[PDB]
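Structure first, then comments.
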Amino acid sequence: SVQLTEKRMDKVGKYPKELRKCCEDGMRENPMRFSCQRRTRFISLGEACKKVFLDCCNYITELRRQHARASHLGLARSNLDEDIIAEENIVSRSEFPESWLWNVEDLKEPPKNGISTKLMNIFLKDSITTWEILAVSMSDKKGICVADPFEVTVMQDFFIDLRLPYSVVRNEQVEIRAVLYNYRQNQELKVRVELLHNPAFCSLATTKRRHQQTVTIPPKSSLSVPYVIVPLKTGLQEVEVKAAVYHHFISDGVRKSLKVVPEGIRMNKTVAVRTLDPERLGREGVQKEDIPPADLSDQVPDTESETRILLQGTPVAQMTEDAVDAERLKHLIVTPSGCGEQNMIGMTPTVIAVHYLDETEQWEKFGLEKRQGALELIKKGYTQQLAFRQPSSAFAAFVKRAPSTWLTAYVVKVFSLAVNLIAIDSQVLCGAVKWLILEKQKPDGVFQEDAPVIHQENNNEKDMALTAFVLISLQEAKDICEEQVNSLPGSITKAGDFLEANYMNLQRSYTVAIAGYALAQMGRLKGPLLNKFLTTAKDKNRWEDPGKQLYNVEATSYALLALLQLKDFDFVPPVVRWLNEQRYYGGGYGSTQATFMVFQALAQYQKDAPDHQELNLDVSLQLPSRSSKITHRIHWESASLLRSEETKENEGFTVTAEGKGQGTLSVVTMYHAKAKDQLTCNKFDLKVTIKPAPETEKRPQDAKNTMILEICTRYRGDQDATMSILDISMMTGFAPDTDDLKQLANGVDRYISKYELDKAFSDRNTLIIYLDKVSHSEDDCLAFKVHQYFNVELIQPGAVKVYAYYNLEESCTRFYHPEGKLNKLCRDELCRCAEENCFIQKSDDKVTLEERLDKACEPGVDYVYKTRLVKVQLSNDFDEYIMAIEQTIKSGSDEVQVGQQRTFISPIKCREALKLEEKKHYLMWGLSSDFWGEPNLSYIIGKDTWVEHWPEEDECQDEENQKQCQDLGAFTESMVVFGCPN
Ligand SMILES: *[C@@H]1O[C@H](CO)[C@@H](O)[C@H](O)[C@H]1NC(C)=O
């Protein structure tokens, strides 16, 4: 109604061709509700585009306001008129089912009058299309003959499709559905759908009786049969519906797999990165390392955590074995890789690994068969990188955007290292080098930058770092494009002279280190300059700078490379020891730049080692949880130089090694953390709010409701973040509106660089938004619409995380959830399977003294308490009940005193079943392992935890409570004095 497309098209038809796109996007309304005076600030074009945008937006705004004021009534009772869009730019189909039957055969049967017949059987695919088999025959006597296409029309009449959410969190009530399609023109199917029982979730079909429904599907129509399942188990479980048609013989039934995940958000934490050099660090040829247990403070109740320890026989072994392989190469980092620079995972790690293995010659024992695989990986990576190449021989950060000098230099540096491996086109690299030298170099010897910055930048210490980086890039292509590009040595000399001229005024550690490495490559690192390089190191162990974490790692890598270029082997071992330590995220490093720089520095150190050898590590692990001692020996010419061990419990152990080498140890733990807003955000301030959509407007047919998610983020630092990323994890059944994201990205305004809906997202669907920068002065806000397709109750909150790519230390996490609780399935049996947990099978209404005595202190039970409720802290996922201990009938593995306080944590689904109240007395007994605290000493209301509401003393005199007060008192006295007979 409010689109008003006709006059929009009319106005656009009266503008020049180049200005049509500028005005077309000036009329469509963005979801953030921005007046076009503010929107014009985001237009990265000329003043003509800004003027046209502003004029068109004001015109259409006034026009549509008048239309909505005149022809819209709130009491009309007549539906608003809808106009067909009648758009242009229509795109033809481009997705067709993949081809099959890619096999060759030779006819060998005895010919009959020249014709040889061969009978071949094929298995038709499950696509409802019409295949066209194409046959071509080759014979040495007659030649090539092309047969006519053969048409195989696959058809079906009744189709059952089972609609499921991607993943439903445990203890979430979700309505999966089965859609039955009838394709008969004038026939009505009479199907008998049935839901098979599954132990994992209590369907409406109990084990005693299966659930069957007879539904009639109208001709040329479809019917949806909704089902409700609540999952109480984790993993992947099968949902099956069996449908049998009447009088049509069709018995089609569809089975699908549903993934159910714990309530929290899975995280990987590093607890130990200790190096292994017993010859020097150890006491006397023996090293002892004490490994503390992981924190696991915020672990989600009833969720197992797995700890893994990895033994490196070489500081470079893990990255090498990861880079050579394909399915594991993507795990070197923990960040997305969808832009210009981050797309170097395919090329740089594999290139460095291949070069290091070649110059060390470890292929004979590692396996020469893998080299071709690595080459293929590099080829694929190179094929991807050409997507970012502008026609002007320059590489841009994103597709079809301003070319970046820094990225072009990095690409040239990586390409110059791979010509000896794969068939890198010389035209591309030479054109990039020529572009860098001609169009971006100032006469003074400084490389200009015009595109928005990607890394961290009188303009001093900014041009120095960029010039040093570009010089390091050019020194790799010195002998490659020397013939196509002539003035390269002059540019290198000018850049080196400029670097030497202003090298004494540097103050930051990063610029000092990078300029020192550039000079050491050029050979000008001599005299007082060398002293400036050495004195910058703090503790003679690192080129550290306060605040920055990954930049410090990169600068230390540059310094180590410079030291190697200086042919020094005394100041290096401390730097190598420090660099092997800073593995914060997972088992390795976070970003790509720091990872690649450490890889390069360590590989260079290993290459120039004076035949170090002496790799005879023998690591003995004394795990308290295991009676038998664990031992691994890693000698030279071993199989993989990597040894991994796994544990299902959190504990601290000790590591013993006997020397003869320099190994590394890394311990990482995997667990789930409760959905709580991060207490302290290092540098980003984030606020995320989800609200119902003011008007339905355009909604997908399947979507049940639409909501608007609005995110506002700001950078608390002095300068804008170099590059930042929004990782948005979404609740069950929710999908974003792709039209809004496309409008945000592709539009002239370009609020977001690009969006990516495809990731691993093993837990829940994730959306990644690449923000070019975050403004420190004011909040940067963006909003888009998310639609729900499956209705859900007790829905868990979603997470939004904003972090700087090149420095992952500065990240902020927030949680959003739509605004007692209401369920959707309370029936005779469905309300009981959900509530079957957190309680015992007793109904707490007909409790007998004998039954209570028998079930009170069963050998499984290890504690029985009589406490009082202090307060109720109801939360989104787990409720907190702080119980004041009144008297402990018996004591177990946990020590308490009268008057002390404890806290019990209960699942949200059991809030109504518990129905606890303020300032009331209760009696609970439970198992021995029902203690959660390691301090807090929290307890979990499990399946063997009893809850009885102790009547108040003044209310014990009523008819409905005197029958129970005396029984409870007698029971308590009997167990206090007489104890348990059994
Ligand atoms: C956590 O670390 C382990 C051990 O290195 C790894 O297998 C796992 O993939 C990592 N994280 C996740 C979220 O799976």
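Within each chain, counting starts at residue 1; across the structure tokens, chains are named A, B, ... in the order shown, with ligands numbered 1 upward in that order.
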Let me see if you get this right: every residue at most 10 Å from ligand 1, counting only C-alpha atoms and all ligand atoms, written as a ChimeraX atom specification.
/A:265-270,306-310,331,334,585-588,644-646,666-672,760-763
With N, CA and C atoms retained, write the just-selected residues as a compact mmCIF listing (two decimals), in the first residue's frame.
# COMPACT_ATOMS: atom_id res chain seq x y z
N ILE A 265 26.15 -21.60 26.07
CA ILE A 265 26.95 -21.33 24.88
C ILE A 265 28.32 -21.98 25.07
N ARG A 266 28.67 -22.88 24.16
CA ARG A 266 29.92 -23.62 24.28
C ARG A 266 31.11 -22.69 24.08
N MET A 267 32.17 -22.91 24.87
CA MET A 267 33.37 -22.10 24.79
C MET A 267 34.60 -22.98 24.98
N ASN A 268 35.71 -22.54 24.40
CA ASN A 268 37.01 -23.20 24.55
C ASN A 268 37.94 -22.26 25.29
N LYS A 269 38.54 -22.74 26.38
CA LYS A 269 39.42 -21.94 27.21
C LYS A 269 40.80 -22.58 27.28
N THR A 270 41.83 -21.74 27.30
CA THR A 270 43.21 -22.19 27.42
C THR A 270 43.67 -22.02 28.86
N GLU A 306 34.83 -31.57 28.46
CA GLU A 306 35.94 -32.39 28.01
C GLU A 306 37.21 -31.55 27.95
N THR A 307 38.27 -32.04 28.58
CA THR A 307 39.57 -31.39 28.56
C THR A 307 40.52 -32.18 27.67
N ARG A 308 41.29 -31.46 26.85
CA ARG A 308 42.25 -32.07 25.94
C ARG A 308 43.62 -31.45 26.15
N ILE A 309 44.65 -32.28 26.16
CA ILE A 309 46.03 -31.84 26.28
C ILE A 309 46.79 -32.30 25.04
N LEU A 310 47.62 -31.41 24.50
CA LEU A 310 48.34 -31.66 23.26
C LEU A 310 49.83 -31.47 23.51
N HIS A 331 40.91 -24.67 10.79
CA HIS A 331 40.90 -24.58 12.25
C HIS A 331 42.14 -23.89 12.81
N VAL A 334 40.09 -18.79 14.68
CA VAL A 334 38.78 -18.90 15.32
C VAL A 334 37.88 -17.75 14.87
N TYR A 585 43.77 -18.29 22.50
CA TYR A 585 42.46 -18.74 22.05
C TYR A 585 42.53 -20.17 21.55
N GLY A 586 41.67 -21.02 22.09
CA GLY A 586 41.72 -22.43 21.74
C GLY A 586 43.07 -23.01 22.08
N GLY A 587 43.65 -23.73 21.12
CA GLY A 587 44.99 -24.24 21.25
C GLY A 587 46.06 -23.43 20.55
N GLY A 588 45.68 -22.35 19.86
CA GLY A 588 46.63 -21.56 19.11
C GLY A 588 46.38 -20.07 19.20
N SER A 644 48.14 -36.46 21.68
CA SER A 644 46.98 -35.85 22.30
C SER A 644 46.34 -36.82 23.28
N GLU A 645 45.91 -36.29 24.42
CA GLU A 645 45.21 -37.06 25.44
C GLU A 645 43.95 -36.33 25.86
N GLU A 646 42.93 -37.09 26.24
CA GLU A 646 41.62 -36.54 26.56
C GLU A 646 41.19 -36.98 27.95
N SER A 666 50.11 -27.67 25.33
CA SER A 666 48.94 -26.80 25.30
C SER A 666 47.73 -27.58 25.78
N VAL A 667 47.01 -27.02 26.75
CA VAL A 667 45.82 -27.64 27.31
C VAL A 667 44.63 -26.73 27.05
N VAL A 668 43.57 -27.29 26.49
CA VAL A 668 42.34 -26.56 26.19
C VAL A 668 41.17 -27.35 26.74
N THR A 669 40.19 -26.65 27.29
CA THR A 669 39.01 -27.27 27.87
C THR A 669 37.76 -26.77 27.15
N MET A 670 36.78 -27.66 27.01
CA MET A 670 35.53 -27.36 26.33
C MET A 670 34.37 -27.52 27.30
N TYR A 671 33.53 -26.50 27.42
CA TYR A 671 32.41 -26.53 28.34
C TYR A 671 31.36 -25.53 27.87
N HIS A 672 30.25 -25.48 28.59
CA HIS A 672 29.15 -24.58 28.29
C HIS A 672 29.03 -23.53 29.39
N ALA A 760 29.92 -22.82 10.38
CA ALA A 760 29.76 -24.12 11.02
C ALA A 760 28.54 -24.13 11.93
N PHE A 761 28.43 -23.10 12.80
CA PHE A 761 27.34 -22.90 13.75
C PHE A 761 26.77 -24.20 14.30
N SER A 762 27.62 -25.01 14.93
CA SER A 762 27.20 -26.33 15.39
C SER A 762 26.06 -26.25 16.41
N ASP A 763 25.95 -25.14 17.14
CA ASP A 763 24.88 -25.02 18.13
C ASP A 763 23.60 -24.44 17.54
Counting only C-alpha atoms, what is within 12 Å of range 958-969 of chain A, bar same-chain residues fewer than 2 positions away, as a PDB file with C-alpha atoms, in the first residue's frame?
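Below you can see out.pdb, which holds the result:
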ATOM      1  CA  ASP A 844       2.995 -35.086  47.018  1.00  0.00           C
ATOM      2  CA  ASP A 845      -0.697 -35.504  47.862  1.00  0.00           C
ATOM      3  CA  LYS A 846      -1.151 -39.098  49.101  1.00  0.00           C
ATOM      4  CA  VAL A 847       2.251 -39.521  50.743  1.00  0.00           C
ATOM      5  CA  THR A 848       2.249 -42.346  53.285  1.00  0.00           C
ATOM      6  CA  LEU A 849       4.587 -42.552  56.262  1.00  0.00           C
ATOM      7  CA  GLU A 850       5.926 -45.972  55.252  1.00  0.00           C
ATOM      8  CA  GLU A 851       6.653 -44.880  51.672  1.00  0.00           C
ATOM      9  CA  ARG A 852       8.377 -41.698  52.863  1.00  0.00           C
ATOM     10  CA  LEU A 853      10.498 -43.673  55.336  1.00  0.00           C
ATOM     11  CA  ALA A 856      14.012 -41.188  52.444  1.00  0.00           C
ATOM     12  CA  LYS A 866      14.800 -29.425  56.280  1.00  0.00           C
ATOM     13  CA  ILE A 889      18.879 -34.786  59.720  1.00  0.00           C
ATOM     14  CA  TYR A 922      10.542 -27.495  52.770  1.00  0.00           C
ATOM     15  CA  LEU A 923      12.173 -30.914  53.102  1.00  0.00           C
ATOM     16  CA  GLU A 948       7.670 -31.544  50.359  1.00  0.00           C
ATOM     17  CA  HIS A 949       6.041 -28.310  51.524  1.00  0.00           C
ATOM     18  CA  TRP A 950       6.336 -28.317  55.311  1.00  0.00           C
ATOM     19  CA  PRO A 951       3.169 -26.736  56.771  1.00  0.00           C
ATOM     20  CA  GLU A 952       3.638 -23.664  58.930  1.00  0.00           C
ATOM     21  CA  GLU A 953       3.458 -24.035  62.704  1.00  0.00           C
ATOM     22  CA  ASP A 954       0.373 -21.823  63.023  1.00  0.00           C
ATOM     23  CA  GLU A 955      -1.340 -23.630  60.116  1.00  0.00           C
ATOM     24  CA  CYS A 956      -0.705 -27.115  61.554  1.00  0.00           C
ATOM     25  CA  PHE A 971       9.382 -39.123  60.477  1.00  0.00           C
ATOM     26  CA  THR A 972      11.940 -36.434  61.326  1.00  0.00           C
ATOM     27  CA  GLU A 973      12.305 -37.607  64.932  1.00  0.00           C
ATOM     28  CA  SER A 974      12.607 -41.251  63.867  1.00  0.00           C
ATOM     29  CA  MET A 975      15.396 -40.473  61.414  1.00  0.00           C
ATOM     30  CA  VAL A 976      17.124 -38.070  63.827  1.00  0.00           C
TER      31      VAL A 976
END
Would you kindly return, as an MDAnalysis selection string, each protein, DNA or RNA residue with an atom no farther than 9 Å from any atom of range 395-404 of chain A, considering only C-alpha atoms and excluding same-chain residues fewer than 5 positions away?
chainID A and resid 338:341 385:390 409 411 432 449:454 753:754
Quick one: pick out all strand (DSSP E or B) residues within range 730-944 of chain A from a backbone DSSP run and write them as a ChimeraX atom specification.
/A:734-736,754-756,766-771,780-788,792-793,798-804,811-816,861-873,878-890,901-907,921-927,931,939-940
Mind dumping a table of every range 817-899 of chain A residue within 12 Å of range 202-208 of chain A, with the nearest atom pair and its distance in Å to one decimal, using only C-alpha atoms, sorted by chain and rising number, as a Markdown table?
| residue | atom | partner | partner_atom | distance |
| --- | --- | --- | --- | --- |
| A:825 | CA | A:204 | CA | 9.3 |
| A:826 | CA | A:204 | CA | 10.8 |
| A:827 | CA | A:204 | CA | 9.3 |
| A:828 | CA | A:204 | CA | 9.8 |
| A:829 | CA | A:204 | CA | 7.5 |
| A:830 | CA | A:204 | CA | 6.1 |
| A:831 | CA | A:202 | CA | 9.8 |
| A:832 | CA | A:202 | CA | 9.2 |
| A:833 | CA | A:202 | CA | 6.0 |
| A:834 | CA | A:202 | CA | 7.6 |
| A:835 | CA | A:202 | CA | 10.8 |
| A:836 | CA | A:202 | CA | 10.2 |
Output the selection as a PDB file, in the first residue's frame - N, CA, C and O atoms for each residue.
ATOM      1  N   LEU A 825       1.327 -26.917  25.788  1.00  0.00           N
ATOM      2  CA  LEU A 825       1.077 -28.342  25.621  1.00  0.00           C
ATOM      3  C   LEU A 825       0.615 -29.056  26.886  1.00  0.00           C
ATOM      4  O   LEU A 825       0.674 -30.291  26.930  1.00  0.00           O
ATOM      5  N   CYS A 826       0.145 -28.342  27.904  1.00  0.00           N
ATOM      6  CA  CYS A 826      -0.258 -29.000  29.145  1.00  0.00           C
ATOM      7  C   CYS A 826      -1.521 -29.821  28.906  1.00  0.00           C
ATOM      8  O   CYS A 826      -2.612 -29.268  28.738  1.00  0.00           O
ATOM      9  N   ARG A 827      -1.369 -31.143  28.890  1.00  0.00           N
ATOM     10  CA  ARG A 827      -2.472 -32.070  28.661  1.00  0.00           C
ATOM     11  C   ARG A 827      -2.338 -33.222  29.653  1.00  0.00           C
ATOM     12  O   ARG A 827      -1.577 -33.146  30.622  1.00  0.00           O
ATOM     13  N   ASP A 828      -3.097 -34.295  29.412  1.00  0.00           N
ATOM     14  CA  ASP A 828      -3.118 -35.415  30.350  1.00  0.00           C
ATOM     15  C   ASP A 828      -1.751 -36.084  30.459  1.00  0.00           C
ATOM     16  O   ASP A 828      -1.322 -36.452  31.559  1.00  0.00           O
ATOM     17  N   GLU A 829      -1.053 -36.252  29.339  1.00  0.00           N
ATOM     18  CA  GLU A 829       0.251 -36.902  29.330  1.00  0.00           C
ATOM     19  C   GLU A 829       1.390 -35.996  28.899  1.00  0.00           C
ATOM     20  O   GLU A 829       2.516 -36.189  29.360  1.00  0.00           O
ATOM     21  N   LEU A 830       1.135 -35.015  28.031  1.00  0.00           N
ATOM     22  CA  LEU A 830       2.215 -34.155  27.561  1.00  0.00           C
ATOM     23  C   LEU A 830       2.735 -33.250  28.671  1.00  0.00           C
ATOM     24  O   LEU A 830       3.933 -32.952  28.715  1.00  0.00           O
ATOM     25  N   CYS A 831       1.857 -32.808  29.573  1.00  0.00           N
ATOM     26  CA  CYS A 831       2.283 -31.985  30.698  1.00  0.00           C
ATOM     27  C   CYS A 831       3.038 -32.780  31.753  1.00  0.00           C
ATOM     28  O   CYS A 831       3.586 -32.176  32.681  1.00  0.00           O
ATOM     29  N   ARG A 832       3.069 -34.107  31.644  1.00  0.00           N
ATOM     30  CA  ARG A 832       3.710 -34.961  32.636  1.00  0.00           C
ATOM     31  C   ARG A 832       5.119 -35.387  32.244  1.00  0.00           C
ATOM     32  O   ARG A 832       5.995 -35.454  33.111  1.00  0.00           O
ATOM     33  N   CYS A 833       5.365 -35.683  30.964  1.00  0.00           N
ATOM     34  CA  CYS A 833       6.727 -35.996  30.538  1.00  0.00           C
ATOM     35  C   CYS A 833       7.649 -34.801  30.737  1.00  0.00           C
ATOM     36  O   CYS A 833       8.797 -34.958  31.169  1.00  0.00           O
ATOM     37  N   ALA A 834       7.170 -33.600  30.408  1.00  0.00           N
ATOM     38  CA  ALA A 834       7.970 -32.402  30.629  1.00  0.00           C
ATOM     39  C   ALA A 834       8.270 -32.209  32.109  1.00  0.00           C
ATOM     40  O   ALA A 834       9.400 -31.878  32.485  1.00  0.00           O
ATOM     41  N   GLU A 835       7.276 -32.430  32.965  1.00  0.00           N
ATOM     42  CA  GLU A 835       7.428 -32.264  34.402  1.00  0.00           C
ATOM     43  C   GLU A 835       7.901 -33.530  35.103  1.00  0.00           C
ATOM     44  O   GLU A 835       8.007 -33.534  36.334  1.00  0.00           O
ATOM     45  N   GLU A 836       8.179 -34.601  34.358  1.00  0.00           N
ATOM     46  CA  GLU A 836       8.672 -35.830  34.972  1.00  0.00           C
ATOM     47  C   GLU A 836      10.020 -35.630  35.650  1.00  0.00           C
ATOM     48  O   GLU A 836      10.347 -36.370  36.584  1.00  0.00           O
TER      49      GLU A 836
END
So which residues touch range 737-741 of chain A within 8 Å, counting only C-alpha atoms, skipping near sequence neighbours fewer than 5 positions away, as a PyMOL selection string?
chain A and resi 30-31+755+784-787
Saved selection, atoms kept: C-alpha atoms, as a PDB file, in the first residue's frame:
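Okay, this is what ended up in selection-v3.pdb:
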ATOM      1  CA  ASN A  30      15.637   1.794   5.539  1.00  0.00           C
ATOM      2  CA  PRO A  31      14.597  -0.176   8.656  1.00  0.00           C
ATOM      3  CA  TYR A 755      26.885 -10.367   5.544  1.00  0.00           C
ATOM      4  CA  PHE A 784      16.884  -5.656  10.593  1.00  0.00           C
ATOM      5  CA  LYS A 785      13.858  -7.942  10.750  1.00  0.00           C
ATOM      6  CA  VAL A 786      13.928 -11.528  12.033  1.00  0.00           C
ATOM      7  CA  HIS A 787      11.022 -13.884  11.326  1.00  0.00           C
TER       8      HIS A 787
END
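In this model, the gap between CA of residue 911 in chain A and CA of residue 164 in chain A comes to 26.9 Å.
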Pairwise distance, CA of residue 934 in chain A with CA of residue 298 in chain A, equals 11.2 Å
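Using only C-alpha atoms, the contacts of residue 233 in chain A at a cut-off of 9 Å, with sequence neighbours closer than 4 positions omitted, comprise residues 170, 171, 199, 200, 201, 237, 260, 261 and 262 of chain A.
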Could you take the residues named above and write them with N, CA, C and O atoms, as a CSV table (one decimal), in the first residue's frame?
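Saved the output as selection-v5.csv:
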chain,number,residue,atom,x,y,z
A,170,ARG,N,17.6,-28.1,24.4
A,170,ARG,CA,17.0,-29.0,25.3
A,170,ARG,C,16.0,-28.3,26.3
A,170,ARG,O,16.3,-27.2,26.7
A,171,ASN,N,14.9,-29.0,26.5
A,171,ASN,CA,13.8,-28.5,27.3
A,171,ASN,C,13.2,-27.2,26.7
A,171,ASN,O,12.9,-26.2,27.4
A,199,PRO,N,12.3,-42.4,22.5
A,199,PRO,CA,12.6,-42.3,23.9
A,199,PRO,C,13.2,-40.9,24.3
A,199,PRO,O,13.0,-40.4,25.4
A,200,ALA,N,13.9,-40.2,23.3
A,200,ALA,CA,14.6,-39.0,23.6
A,200,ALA,C,13.6,-37.9,24.0
A,200,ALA,O,13.8,-37.1,24.9
A,201,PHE,N,12.4,-37.8,23.3
A,201,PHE,CA,11.5,-36.7,23.6
A,201,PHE,C,10.1,-37.4,23.7
A,201,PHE,O,9.7,-38.3,23.0
A,237,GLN,N,18.8,-36.9,17.1
A,237,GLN,CA,17.8,-37.9,17.3
A,237,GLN,C,16.8,-37.9,16.1
A,237,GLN,O,16.7,-36.8,15.5
A,260,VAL,N,19.7,-31.4,19.0
A,260,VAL,CA,19.4,-30.8,20.3
A,260,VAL,C,20.6,-30.5,21.1
A,260,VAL,O,21.5,-31.4,21.3
A,261,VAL,N,20.8,-29.3,21.5
A,261,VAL,CA,22.0,-28.8,22.1
A,261,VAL,C,21.7,-28.3,23.5
A,261,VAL,O,20.5,-28.0,23.9
A,262,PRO,N,22.7,-28.2,24.4
A,262,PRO,CA,22.5,-27.7,25.8
A,262,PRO,C,22.1,-26.3,25.8
A,262,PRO,O,22.0,-25.6,24.8
Close residues, residue 873 in chain A itself excluded, 10 Å, only C-alpha atoms, min 4 positions apart in chain, as a PyMOL selection string
chain A and resi 878-882+905
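The interatomic distance for the pair CA of residue 287 in chain A and CA of residue 647 in chain A works out to 22.7 Å.
Compared by their closest atoms to residue 810 in chain A, and using only C-alpha atoms, the residues A:438, A:767, A:550, A:23 rank with A:550 nearest.
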